[PDB]
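Enquirer: Residue numbers (the deposited numbering), protein chains in the order written: chain A, 36 to 417, 425 to 513; chain B, 42 to 419, 429 to 513.
Yeah, the Cβ is synthetic: ideal placement off N, Cα and C, and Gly gets one too.
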Ligand SMILES: Cc1cc2nc3c(=O)[nH]c(=O)nc-3n(C[C@H](O)[C@H](O)[C@H](O)COP(=O)(O)OP(=O)(O)OC[C@H]3O[C@@H](n4cnc5c(N)ncnc54)[C@H](O)[C@@H]3O)c2cc1C
Ligand SMILES: Cc1cc2nc3c(=O)[nH]c(=O)nc-3n(C[C@H](O)[C@H](O)[C@H](O)COP(=O)(O)OP(=O)(O)OC[C@H]3O[C@@H](n4cnc5c(N)ncnc54)[C@H](O)[C@@H]3O)c2cc1C
Ligand SMILES: [Mg+2]
Ligand SMILES: [Mg+2]
Ligand SMILES: [Mg+2]
Ligand SMILES: [Mg+2]
Ligand SMILES: [Mg+2]
Ligand SMILES: [Mg+2]
Ligand SMILES: [Mg+2]
Ligand SMILES: [Mg+2]
Ligand SMILES: [Mg+2]
Ligand SMILES: [Mg+2]
Ligand SMILES: [Mg+2]
């Protein structure tokens, strides 16, 4: 009621006169922005429930131990230490963006790290909600896996999005292999347990299926060859082709290689419902006929793209110019959230027609941090900010599509490297796989992680993958 | 009815190994699989290089670096090896059978598959011509209340994970608390119970993490942590020369570890424990020590499957700490069952060093029984003139934190090296690297140490 004692702790740092920049998230957008932001001019704070950066492109190779989970992650604090200014990291979850009081509500607070010598005691307690005040908000919370309303995918499948997904996939499949080996050959249960279904025909599903097939063919086969021969990996894609962002002939090369490695590819197929031990697939053939197949499965990996998070969809309702948003926050040429003077959005929580990739998020981040370099030289910056951008002739953000890669298992990849209308590489094969490796190694954001991936690959040359069920 | 597994395909005798640790694996490496059919029962699918375990909680090495799947040892074997991921619950010497429960998997590493018809979580009995018992010993709380519920043992991979999880959770809460808060000092307190090399290295590793890595980004937090080493004896590291013990304790205290000698834990509660000191004069003082993390790095005791076995063999009722065995590591009262490592008593210390020399010796004895047609058919070792097992102590090593170690290297009566220092620490690393049982594990440890020279240890709460 009106007599409520409601009191939310509000953190509002006003020692210095540097503007307070608040970043939400710890992934491609947030970390890249962090790497470039000038902490000599701004006070930076980061809210994220994940204390590390995740190098996503190598995640599909983590479940089978091609790389280790720890090798592809890097603690926020390690990026923060390399900054000259003051950085604070709230290990917490942003639950509400409050644009009219310039505040972000946080919950599930585990920790706060102030990487500066005269720490001020904030008076926060774990699992007590709070609000962090901001002069500028940079929203990069990303997006979450989409089930498209299909029943059972959450309960019975595994997403391929975060590190614990990698661990669950390994655990489920390892357990399945153990039960299966106890069953006699020809048992359909054994066949089911050794059966893997990967939904999603983009590079993530494809690499996931390729890495799994690699594990089975190169490592499992060495000690349980009979069991290795019976595993069946399915790749299920709703479109007529896989890897539809590549040249159609590279897609065809890819499907053939996949099929040659023994992966069964179902095109024009969508999953209608998922039950504990089987799922229902429907194929929409080119003529127009529709068939149904019931597919027994031991392990289901759901790799089919994302949707806006609740904190973002709630924000849609609170900003008039944003009510009609569906896939992400609508931003202007300068990456300002529309209907806001104060809030910027980069990465997959923003939608501007570009593809939802790290490549985009990383360029957005670099561009935005550079704009913060310029705003810091123009005293009028600290609701006229959209006009200030044009008045000072800031350039709109301009995405340079640099291409795409996909590893296919058994040491084959496809790749198209470009810039502008200039194509520098486009093909597939053995040497494209070496390129896949060198390039991905190059794109890792931290020396440490880069060393670890390198060491993992070296160990892969001499020894089998580590595939521990509980470690 | 009860399933019984008796592989009489071959006339090769069935050697059944229990365990997958220092005894069982060292034996597996030396046994001739062209003369024997080998099976292995163990709830743990991997060998654990125990001496690097204290260095795993803070990520000086990774957990995966110091372990090695049994299967990898078994693929190097020329013959047929079978591994049952299950727990031996009952040795049945009269019928030559081992009962197994909690079965997870069975891996026949041989070309002609036999469907054994086993189901998970379903009791079975494995039959043997020769049994090799090596289930080791389990942690001993010495009847002290609270240690099981409130502390962590330091014996197995899961223990390393638990310690890291407990301590990382503590640093997080503590840092949210205001400086001066006693709950903050409690959360930043670690008590390690055990003054042997294990407890010491555990403490030095935690201290290393605190001073080298945690201090880099939360220096005030790192100053406030207090690590406590509690030891019942009047010196730490009592198997060494007393001068090295003095060097050690003095170093440990110099790194800010508080060392409590002549002190025993009387009882443990959730947030605090009772330590009693018996002074040389004979008086007893007592201290309630608040703690955030308790690591219990002391004590062995025999496992129940070995305890039950006592009351089944005549010459073994009088056994308390292990299986009494003769000069040939044969369990007294059997011609069937041998025992090595911590589950066997023979006057020797319970160490990996002893376990590994026993195993190598025993497998060399099996090289001979396969040359004497009597053992195949037919107190037989005497008449055939098998030399008894002779233990050669090669020395001892202890890392002390902050790049210092102590070491004594010996063979027979001669001592080749005995000291402590900077170089001793480098020696520590080389020796331990040379004692790892597999190329893979050795490589992973080596990379971990290289990585350490350039970067802070990985200390993830949930990985
Ligand atoms: C398995 C996989 C492989 C991929 N491979 C490629 C590839 O090869 N090439 C490519 O271009 N793209 C690839 N992508 C896509 C790329 O990773 C994403 O487009 C990119 O992550 C977008 O960056 P982001 O910062 O918007 O989201 P993310 O990098 O996912 O970061 C979101 C961050 O916000 C945090 N967060 C979540 N909720 C909250 C909240 N409530 N409050 C505060 N923080 C929150 C998350 O923990 C995370 O730290 C891959 C994606 C996946 C899943
Ligand atoms: C942290 C630590 C550090 C150590 N450092 C050293 C050192 O530096 N130098 C040294 O000489 N000694 C050291 N030791 C002692 C050494 O580890 C033991 O003496 C050694 O384990 C003895 O070998 P073992 O084969 O008898 O037992 P273990 O190596 O413990 O092997 C026991 C095996 O049996 C399995 N098992 C358990 N129960 C059953 C069951 N019911 N059925 C079948 N299998 C079962 C276990 O999973 C394990 O695989 C250390 C010990 C610890 C805990
Ligand atoms: Mg982000
Ligand atoms: Mg991510
Ligand atoms: Mg985003
Ligand atoms: Mg995302
Ligand atoms: Mg290999
Ligand atoms: Mg053993
Ligand atoms: Mg062991
Ligand atoms: Mg034993
Ligand atoms: Mg033991
Ligand atoms: Mg506790
Ligand atoms: Mg370090």
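If you measure beta-carbon to beta-carbon, which residues of the segment 137 to 160 of chain A are closer than 9 Å to chain B?
Expert: Listed in sequence order: 144, 145, 146, 147, 148, 149, 150, 152, 154, 156, 157, 158, 159, 160.
Enquirer: Is it true that the CB of residue 332 of chain A sits closer than 8 Å to the CB of residue 395 of chain A?
Expert: No; because the gap between Cβ atoms is not below 8 Å, this pair is not in contact.
Enquirer: Check the C-beta distance from residue 295 of chain B over to residue 286 of chain B and give it rounded, since I have them as a contact under 8 Å.
Expert: Not a contact, Cβ separation roughly 15 Å.
Enquirer: Give a yes or no on whether 8 Å exceeds the smallest Cβ distance from residue 196 of chain B to chain A.
Expert: By this cut-off, residue 196 of chain B is not an interface position.
Enquirer: Could you pull the start and end residues of the alpha helix (DSSP H) that residue 492 of chain A belongs to?
Expert: That run of the alpha helix (DSSP H) goes 489 to 504.
Enquirer: Look up residue 447 of chain A in the DSSP assignment and say whether it is helix, strand or coil.
Expert: Strand, per DSSP.
Enquirer: Is residue 500 of chain A near ligand 8, in the sense that its beta carbon is under 7 Å from a heavy atom of that ligand?
Expert: No - ligand 8 has no heavy atom lying nearer than 7 Å to the Cβ of residue 500 of chain A.
Enquirer: Should residue 254 of chain A be flagged as near chain B, meaning a C-beta pair shorter than 8 Å?
Expert: It does not; no Cβ of chain B falls within 8 Å.
Enquirer: Report, in whole angstroms, the separation of the C-beta atoms of residue 439 of chain B and residue 402 of chain B, which I expect to be a contact under 8 Å.
Expert: About 5 Å separates the two Cβ atoms, so the contact holds.
Enquirer: What does the alpha-carbon distance come out to for the pair residue 276 of chain A and residue 450 of chain A?
Expert: The straight-line gap from Cα to Cα measures roughly 15 Å.
Enquirer: Taking 8 Å as the threshold, find out whether the segment 192 to 203 of chain A comes into contact with the segment 360 to 368 of chain A through three or more Cβ pairs.
Expert: The segment 192 to 203 of chain A vs the segment 360 to 368 of chain A: no contact.
Enquirer: If residue 511 of chain A sits next to residue 210 of chain A, beta carbons under 8 Å apart, how far is it from one beta carbon to the other, in whole angstroms?
Expert: With a Cβ gap of about 6 Å, residue 511 of chain A and residue 210 of chain A count as contacting.
Enquirer: Roughly how many angstroms separate the alpha carbons of residue 149 of chain A and residue 86 of chain A, rounded to a whole number?
Expert: Approximately 14 Å between the Cα atoms of the pair.
Enquirer: According to DSSP, simplified to helix, strand and coil, what is residue 99 of chain A?
Expert: Here residue 99 of chain A sits in coil by DSSP.
Enquirer: Pick out whichever of B:304, B:456, B:237 has its Cα sitting closest to the Cα of residue 319 of chain B.
Expert: Here the closest residue by C-alpha is B:304.
Enquirer: Could you tell me whether the Cβ of residue 213 of chain B comes closer than 8 Å to any Cβ of chain A?
Expert: For residue 213 of chain B, the answer is yes, since a Cβ of chain A falls inside 8 Å of its Cβ.
Enquirer: Of the choices A:492, A:61, A:503, whose alpha-carbon is the least far from that of residue 107 of chain A?
Expert: The shortest Cα separation from residue 107 of chain A among A:492, A:61, A:503 belongs to A:492.
Enquirer: Could you tell me whether any non-hydrogen atom of ligand 10 is closer than 7 Å to the CB of residue 384 of chain B?
Expert: Residue 384 of chain B Cβ: within cutoff of ligand 10.
Enquirer: I'd like the list of long-range same chain contacts for residue 458 of chain B, defined as Cβ closer than 6 Å, with 5 residues on each side in sequence excluded.
Expert: Excluding sequence neighbours, residue 458 of chain B sits near 445, 446, 468.
Enquirer: Within 8 Å of any Cβ in chain B, is that where the Cβ of residue 257 of chain A sits?
Expert: True, the Cβ-Cβ gap to chain B drops below 8 Å.
Enquirer: Tell me which residues pass a beta-carbon proximity test against ligand 4: closer than 7 Å to any heavy atom, given in chain order.
Expert: Selection output, chain order preserved: A:62, A:63, A:89, A:91, A:177, A:197.
Enquirer: When the Cβ atoms of the segment 71 to 87 of chain A are set against those of the segment 108 to 117 of chain A, are three or more pairs found closer than 8 Å?
Expert: Taking 8 Å as the limit for Cβ pairs, the verdict is that the segment 108 to 117 of chain A does touch the segment 71 to 87 of chain A.
Enquirer: Suppose the cutoff is 8 Å on Cβ atoms and the five residues either side in sequence are ignored; what does the same chain contact list for residue 250 of chain B look like?
Expert: Same-chain partners within the cutoff: 99, 100, 101, 507, 509.
Enquirer: Would you verify that the beta carbon of residue 513 of chain A is, or is not, closer than 8 Å to some beta carbon of chain B?
Expert: True, the Cβ-Cβ gap to chain B drops below 8 Å.
Enquirer: Name the chain A residues that come within less than 8 Å of residue 105 of chain B, Cβ to Cβ?
Expert: Neighbours of residue 105 of chain B on chain A, chain order: 103, 508, 510, 513.
Enquirer: Taking all protein chains shown into account, decide if residue 504 of chain B is buried (16 or more other Cβ within 10 angstroms of its Cβ) or exposed.
Expert: Label assigned to residue 504 of chain B: exposed.
Enquirer: With a CB to CB cut of under 6 Å and the five nearest residues on each side skipped, what residues in its chain are close to residue 219 of chain A?
Expert: Excluding residues within five positions, none has a Cβ falling inside 6 Å.
Enquirer: Using only alpha-carbon positions, find the residue among B:164, B:174, B:54, B:97 that is nearest to residue 62 of chain B.
Expert: The shortest Cα separation from residue 62 of chain B among B:164, B:174, B:54, B:97 belongs to B:174.
Enquirer: Touch check for the segment 227 to 245 of chain A and the segment 261 to 271 of chain A: three-plus C-beta pairs under 8 Å?
Expert: Short answer: they touch.
Enquirer: In or out: residue 151 of chain A buried (at least 16 other Cβ within 10 Å) or exposed?
Expert: Exposed.
Enquirer: Among A:384, A:306, A:46, A:122, which has the Cα closest to the Cα of residue 341 of chain A?
Expert: Residue 341 of chain A has its Cα closest to that of A:384, out of A:384, A:306, A:46, A:122.
Enquirer: When burial is assigned at 16 or more other CB atoms within 10 Å of the CB, is residue 121 of chain B buried or exposed?
Expert: With 16 or more other Cβ atoms within 10 Å, it is buried.
Enquirer: Within 10 Å of its beta-carbon, does residue 51 of chain A have 16 or more other beta-carbons around it, so buried, or fewer, so exposed?
Expert: Under this definition residue 51 of chain A is an exposed residue.
Enquirer: In terms of alpha-carbon separation, which member of B:76, B:456, B:437 lies closest to residue 284 of chain B?
Expert: Checked all of B:76, B:456, B:437; the closest Cα to residue 284 of chain B is B:456.
Enquirer: Do residue 126 of chain A and residue 145 of chain A count as a contact pair if the criterion is CB distance below 8 Å?
Expert: It is a contact, given that the beta carbons lie within the stated cut-off.
Enquirer: Can you give me the C-alpha to C-alpha distance between residue 337 of chain B and residue 258 of chain A, rounded to a whole angstrom?
Expert: Near 38 Å, if we compare the C-alpha coordinates of residue 258 of chain A and residue 337 of chain B.
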